[PDB]
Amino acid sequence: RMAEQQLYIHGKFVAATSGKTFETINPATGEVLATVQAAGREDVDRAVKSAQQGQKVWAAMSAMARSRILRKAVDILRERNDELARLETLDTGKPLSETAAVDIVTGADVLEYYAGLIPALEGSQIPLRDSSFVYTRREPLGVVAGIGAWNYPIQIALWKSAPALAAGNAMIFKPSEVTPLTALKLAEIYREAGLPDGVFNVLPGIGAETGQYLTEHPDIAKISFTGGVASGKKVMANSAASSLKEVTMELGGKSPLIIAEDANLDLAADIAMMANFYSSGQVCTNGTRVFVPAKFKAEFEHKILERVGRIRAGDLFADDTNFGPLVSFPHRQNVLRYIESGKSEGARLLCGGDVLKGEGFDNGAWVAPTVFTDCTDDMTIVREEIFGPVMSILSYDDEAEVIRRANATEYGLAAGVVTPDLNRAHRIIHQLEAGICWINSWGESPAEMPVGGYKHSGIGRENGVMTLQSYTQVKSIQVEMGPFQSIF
């Protein structure tokens, strides 16, 4: 185990006053990783007052002073990458081959990106006439709150806190109860870099209590939320009911991967694999509806089975392991229910469809890599996000049809097309109703590229210059140098 984990408020660990705790489990073993204290309503109010004090200090510094501090945190994250990756692997079940290469690396990439952009954050000046002009300021929101999810815990913490801090705000961050540990480490790293006390506070807790208290607090100006559609709606409602707060949400999706009739099927199968089985399928952007031309279906299915056979489940700290258990045993039960609905609705099971068994698997939340084919647009496994390693293969006949079917969903997060043809690639992508589109690839999310969902898959965006601006609020100032005219 680890010592009982405390709250982090104003540059130090402090005990919760709630009297409540929870446990986080190692999903590879079922063993308790740590007992964690849960922030109560009074603890949340403490954190907001701490953040208000720290934010004032932070915003009064020069832009380049803020940039240097965030850059030092980047340097620490690079140094402690391997230590942090192993902790993430213990908490989430994702293989170290992933966590040591992606989670902190791309989280730190976004922090490094925003650190350099702070000096470029500018207002505007508008001349109206010789005797009057307008200028604008991009002012901090003040105190903002982030609510993270459990699939990429420290990456999500960095992607929310980086633009928020770079824009001059303090952030109160609540990690998922499933994966609270790396956020507490991130808080220590920020302070070590010189972040003022209160600018990044971490309140572990339960969604129904700690998360709700944050969304209801009158002095929080913005909520940024990552999670499921059901919880996003609850969060949106409560943020409105209490104090009108700006809101950003990434809510996952059912993203389509379109294989064109002129695609190389080895490339298409490779893209489909990476779009479905990285992080054991627990990725919001996964391409879980794979549209394949009817003429290619059988050959494509063979190619998928060939690659699924190369998936190497095992010791999560082993170099060659590239597949892990799911994040929790309750989550596995939900994935298994989806798999059974696929069977009961007549989807053809091509591989997988059960838990993994044997020594080293019986005690972990393992689900075998699963592929259904002969799927149809009305099936539950095609319509609903599963967030596990479950690929659905759908046949199609013509380009206009496949565009219609890809777009006929309430989700809108990602999409992709596989084709060597110039006109086909751009033509199809431009008609797809998704915010993140990949041509002949999948999954890369550069710091420069805004990402977020259409329709029910999200509100607002993350990454890119625009997200730095979305963590400021515009103040317009008119200077009137002429004589003011009253009609009274």
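Note that residue numbering begins at 1 and tracks the sequence as displayed. Here the rigid core means the biggest group of C-alpha atoms that line up within 1.5 Å when the two forms are laid on top of each other.
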Original post:
Between 228-236 and 413-421, where do the CA atoms move more in 8 other deposited structures of this protein, taking the root mean square over the structures and residues after a core fit?
Top reply: 228-236
Original post:
Mean C-alpha B factor from the entry: is it higher for 45-53 or for 432-440?
Top reply: 45-53
**OP:** Could you settle it for me: does 11-19 or 473-481 have the higher average Cα B factor in the PDB entry?
**Re:** 11-19
Subject >> Residue selected from 95, 369, 146, 142 by maximal Cα B factor >> reply: 369
Subject >> Selection by C-alpha B-factor (highest) of 394, 195, 263, 164 >> reply: 263
**OP:** Give the position of residue 278 by CA B-factor within its chain, expressed as the lowest, middle or highest third.
**Re:** middle
Original post:
By the record's CA B-factor, is residue 40 among the lowest, middle or highest third of residues in the chain?
Top reply: highest
**OP:** Would you mind ranking residue 249 by its C-alpha B-factor against the rest of the chain and naming the third, lowest, middle or highest?
**Re:** middle
Subject >> Cα B factor band for residue 452 (lowest, middle or highest third within the chain) >> reply: lowest
Subject >> Chain-wide C-alpha B factor ranking for residue 123, given as lowest, middle or highest third >> reply: lowest
